[PDB]
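Quick notes on the structure that follows.
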Amino acid sequence: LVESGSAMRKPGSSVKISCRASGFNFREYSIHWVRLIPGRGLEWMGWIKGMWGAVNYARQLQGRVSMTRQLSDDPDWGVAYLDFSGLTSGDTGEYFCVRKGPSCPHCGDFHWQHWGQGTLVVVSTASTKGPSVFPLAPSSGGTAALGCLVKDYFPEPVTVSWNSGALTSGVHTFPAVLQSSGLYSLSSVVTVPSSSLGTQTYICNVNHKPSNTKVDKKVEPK
Amino acid sequence: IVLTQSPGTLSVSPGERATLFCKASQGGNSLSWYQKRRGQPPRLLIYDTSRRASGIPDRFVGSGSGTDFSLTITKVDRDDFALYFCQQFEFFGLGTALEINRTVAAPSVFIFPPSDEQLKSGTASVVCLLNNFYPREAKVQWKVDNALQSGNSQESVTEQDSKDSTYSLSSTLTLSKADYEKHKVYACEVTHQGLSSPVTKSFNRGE
Amino acid sequence: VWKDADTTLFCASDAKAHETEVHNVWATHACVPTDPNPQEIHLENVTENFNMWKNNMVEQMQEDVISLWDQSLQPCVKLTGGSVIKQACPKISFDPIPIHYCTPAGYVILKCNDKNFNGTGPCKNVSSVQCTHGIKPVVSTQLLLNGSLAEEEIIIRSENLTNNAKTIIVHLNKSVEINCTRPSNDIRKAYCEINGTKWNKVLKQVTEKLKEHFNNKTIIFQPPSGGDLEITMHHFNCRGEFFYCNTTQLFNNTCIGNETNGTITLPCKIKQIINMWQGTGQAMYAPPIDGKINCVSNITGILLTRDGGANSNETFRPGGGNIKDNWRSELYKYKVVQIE
Ligand SMILES: *[C@@H]1O[C@H](CO[C@@H]2O[C@@H](C)[C@@H](O)[C@@H](O)[C@@H]2O)[C@@H](O[C@@H]2O[C@H](CO)[C@@H](O)[C@H](O)[C@H]2NC(C)=O)[C@H](O)[C@H]1NC(C)=O
Ligand SMILES: *[C@@H]1O[C@H](CO)[C@@H](O)[C@H](O)[C@H]1NC(C)=O
Ligand SMILES: *[C@@H]1O[C@H](CO)[C@@H](O)[C@H](O)[C@H]1NC(C)=O
Ligand SMILES: *[C@@H]1O[C@H](CO)[C@@H](O)[C@H](O)[C@H]1NC(C)=O
Ligand SMILES: *[C@@H]1O[C@H](CO)[C@@H](O)[C@H](O)[C@H]1NC(C)=O
Ligand SMILES: *[C@@H]1O[C@H](CO)[C@@H](O)[C@H](O)[C@H]1NC(C)=O
Ligand SMILES: *[C@@H]1O[C@H](CO)[C@@H](O)[C@H](O)[C@H]1NC(C)=O
């Protein structure tokens, strides 16, 4: 099951996610769509038969979802589609297309063994913006830490490497948090011996691909 | 139909036996089990109460009847520590997370004053580190001139670093430039459990 | 003493050699003349488990009806995904005839004489018969036509009601006629008359029998949420013409005791370009024939799929599609076993 790449939308918009199907009789099996909304658990949205395309949408997503089937003798071929209108802020998460994998006939129509690679969708009022870098200068007795503060950027992700590589010891790149401004921010610290200050150079490399922003930030003690 | 997964988080040593629950509201049916490791899509383990799928070790043992169900892992592997969901048709559980248990670890609390380059943006952010600790139950307070903050700081804790199964966390206190220049002392009280005294790292405005 | 087994059955009917009708042409060579004196031995103090959703008799009948349509109904051009099959498409008389299924030497069909039996549980009052009763192989969606009514009260049939991915079969206790009509001179415009005064009276009984299986909550009906035209509207074949009837004001109901102008009419259209239920793709037929096309059928069953999610109300939408479920509406009380 192959879906489209990651997509980001504005609130009140719509998103079309495809789901390539092969290696199984599509007309006899179903394709369910399940989204993983963070801290809320897996949510089943609906399934789609390949025969006549009967659909069963979840009640709490009416007038927002619509699933269409595509087909083509090697039958198996075809693509499933998920349309998600009425985008809010709480619809951000991983959206999977799931299907009962090649196994037993006893397996019900909800025992999904096969899962797609997943489609990440982020919906907010924010726009693409390069990150700002603030150095976290180490304090002033034995093994102190230093790091970089990646604040105000959108969207995910950001890759942080130290000294252009060759420095992957005690490095902690924390997961991003969503501020009230609607922009992400995270920290990336590195623990370092207090005797190696002033003699060793410490440089962090913050990269932001979606806004084509690259930053080589240096950190000096106080 | 309500699927209640308890306890939500379980600390198990690599080799011990884990036991998850899935007490449903309406019985007379079966239950499935799904495993999800971070970075990879959820995987089916058990379907129809107690039946394994293709390419699944026998250490995963399912059982239960009526409303009470249970997933048991005989001798937990180091790759079994993940998020587990149970399913009845369309309904799921909130999920339980298998945790690597270890001895307690005192966090090394560090504090970082906002850069002068940052102050030119009109805002100021001071952060705490307290990296490498166990378990992930910490309490950062943020006190500026003996004044407690509540609603202007965000923390971010990393998952267990497999090389020692420890945490980190990072609380960031963000303020404006005007409010930052008004005060002097910026503290960071940390109440874990390692050492009976709450470790506090602070700095005064200037240097 | 017997065991659940499976074998190749032979069909039986009353096909007439003089008839040029499709089903009569098929059933005169593929079937045998109906036995004039069928015997039936009633047996008590004997129980037996049935399962219509795992019945081999259905798959055989399915394989016979699909052969009936591949033998006669030849469209003008037929698409094979990328290639075309252009043949001749002459009009023909289309009217399904009762077809009985019997067992060869060594096998016997068991019949469940239990009145309110749905098709999954055990039967206490079971009889043995050589052949099945008159079953009309009518291909239709949403509404079941020309079938058998319930023995006494409405029977709810489903593989599993708790599963929303399984179609539901309703066994009506009282029938409702449909007066479908394609007047001759506006040529595409068709009709479908249903007595609305007795429809909301028979549809409420369906809900109340369904409300017993759902913790005393209200039940609402609505048109299907999507799919091809063969499933989104009332699809059935009459007089060789493929009808497509919109049933919006038909499933425009809510349930307490009962809830829902002239009697309810269903706007229908005739499409020459249809999707075959043989599963080979889309085909195009010859344009409709002149004259008054009238198809008086009987509503005896409804095919539903429970709209499920995170609910206190249950929503039921029409839509069968799989015609294998249509045969199960009648072959529910039949099962082939092997003698000793
Ligand atoms: C969770 O684990 C702790 C620690 O056990 C240890 O650390 C592991 C990495 C492994 O190396 C074991 O061999 C270690 O023993 C358990 O700690 C117990 O704590 C009590 C009181 O502090 C002490 O008296 C016991 O000796 C400790 N256990 C052992 C085996 O020495 C703790 O019980 C575990 N809890 C759970 C729920 O698993
Ligand atoms: C069907 O429902 C029955 C109870 O109504 C239950 O025992 C059975 O496990 C269900 N089957 C499936 C495949 O869900
Ligand atoms: C069993 O069914 C037969 C015919 O269906 C009927 O004549 C008979 O009375 C039934 N048995 C009982 C005990 O009612
Ligand atoms: C059919 O009737 C049996 C009674 O033996 C019952 O157990 C089963 O749940 C019923 N199934 C449906 C779908 O009503
Ligand atoms: C049936 O008619 C209604 C109007 O009452 C329309 O909204 C609906 O789309 C139609 N369904 C079809 C054509 O399948
Ligand atoms: C039921 O019919 C009314 C008008 O008769 C219509 O407004 C409404 O949309 C219908 N309900 C549906 C189609 O679910
Ligand atoms: C049902 O039977 C009647 C009378 O036998 C017939 O007129 C009608 O065409 C049949 N229905 C279908 C869909 O053929």
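The figures follow:
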item: Which listed residue, of B:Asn146, B:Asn152, B:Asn131, B:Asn101, is of a type in the set (S, T, N, Q), over 30 Å from B:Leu44 (Cα atoms) and away from chain A (no Cβ under 12 Å); result: B:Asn146
item: Entirely in region C:31-124, the strands (runs of 3 or more DSSP E) that have 3 or more residues that are crowded, with 16+ Cβ neighbours inside 10 Å, within 16 Å of ligand 2 (Cβ to nearest atom) and within 14 Å of chain A (Cβ to nearest Cβ); result: none
item: Residue satisfying all of: in region A:129-145; in a loop (DSSP other than H, G, I, E, B) and surrounded by fewer than 21 Cβ atoms within 10 Å (Cβ to Cβ); farthest from the other protein chains (Cβ to nearest Cβ) among these; result: A:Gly130
item: Pairs, first away from chain A (no Cβ under 14 Å) and among the charged types (D, E, K, R) in region C:246-264, second part of a loop (DSSP other than H, G, I, E, B) and away from ligand 5 (no atom under 14 Å from the Cβ), C-beta under 7 Å, six or more apart; result: C:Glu259/C:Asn253
item: Residues within region B:7-32 that are surrounded by fewer than 17 Cβ atoms within 10 Å (Cβ to Cβ) and basic (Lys, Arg), tallied; result: 1
item: Tally, over region C:244-295, of residues that are under 30 Å from C:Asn216 (Cβ atoms) and either β-branched (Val, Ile, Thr) or more than 16 Å from ligand 6 (Cβ to nearest atom) (or both); result: 7
item: Strands (runs of 3 or more DSSP E) wholly inside region A:1-112 that include at least 2 residues being away from every other protein chain (no Cβ under 13 Å) and farther than 30 Å from C:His234 by Cα; result: A:7-9, A:14-20
item: Selected residue (criterion: nearest to ligand 7 (Cβ to nearest atom)) from residues of region C:215-227 that are surrounded by fewer than 20 Cβ atoms within 10 Å (Cβ to Cβ) and part of a loop (DSSP other than H, G, I, E, B); result: C:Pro223
item: Failed criterion for C:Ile187 (all others in (1) within 14 Å of another protein chain (Cβ to nearest Cβ); (2) assigned to a loop (DSSP other than H, G, I, E, B) hold); result: (1)
item: For C:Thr232: the one exception among (1) over 16 Å from C:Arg188 (Cβ atoms); (2) within 12 Å of ligand 5 (Cβ to nearest atom); (3) more than 14 Å from every other protein chain (Cβ to nearest Cβ); result: (3)
item: Members of region B:11-23 found to be touching a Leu at 6+ places or on another chain (Cβ under 9 Å) and closer than 15 Å to B:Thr103 by Cα, listed by number; result: B:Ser11, B:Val12
item: Criterion (β-branched (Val, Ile, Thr) and crowded, with 16+ Cβ neighbours inside 10 Å) met by exactly one of C:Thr248, C:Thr265; result: C:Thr265
item: Residues located in region B:98-108, provided they are part of a strand (DSSP E or B) and either surrounded by fewer than 15 Cβ atoms within 10 Å (Cβ to Cβ) or away from ligand 1 (no atom under 16 Å from the Cβ) (or both); result: B:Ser108
item: The listed residue being over 25 Å from the mean Cα position of the chain (by Cα) and under 22 Å from A:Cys104 (Cα atoms), out of A:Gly63, A:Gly23; result: A:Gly23
item: Selection count where residues are away from chain A (no Cβ under 13 Å) and outside any loop (DSSP other than H, G, I, E, B), scope region B:46-94; result: 11
item: Residue within region C:319-337 that is under 21 Å from C:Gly121 (Cα atoms), within 14 Å of chain A (Cβ to nearest Cβ) and assigned to a strand (DSSP E or B) present; result: no
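Here's the yes/no breakdown for (1) away from ligand 4 (no atom under 16 Å from the Cβ); (2) more than 14 Å from every other protein chain (Cβ to nearest Cβ); (3) in a strand (DSSP E or B):
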position	(1), (2), (3)
C:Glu151	no, yes, no
C:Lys166	no, no, no
C:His171	no, yes, yes
C:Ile178	yes, yes, yes
C:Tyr191	yes, yes, yes
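A short reminder: the numbers here are calculations on the coordinates, not readings from a lab. Using ideal geometry, Cβ is built from the backbone for each residue, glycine included, and neighbour counts are taken over all protein chains shown.
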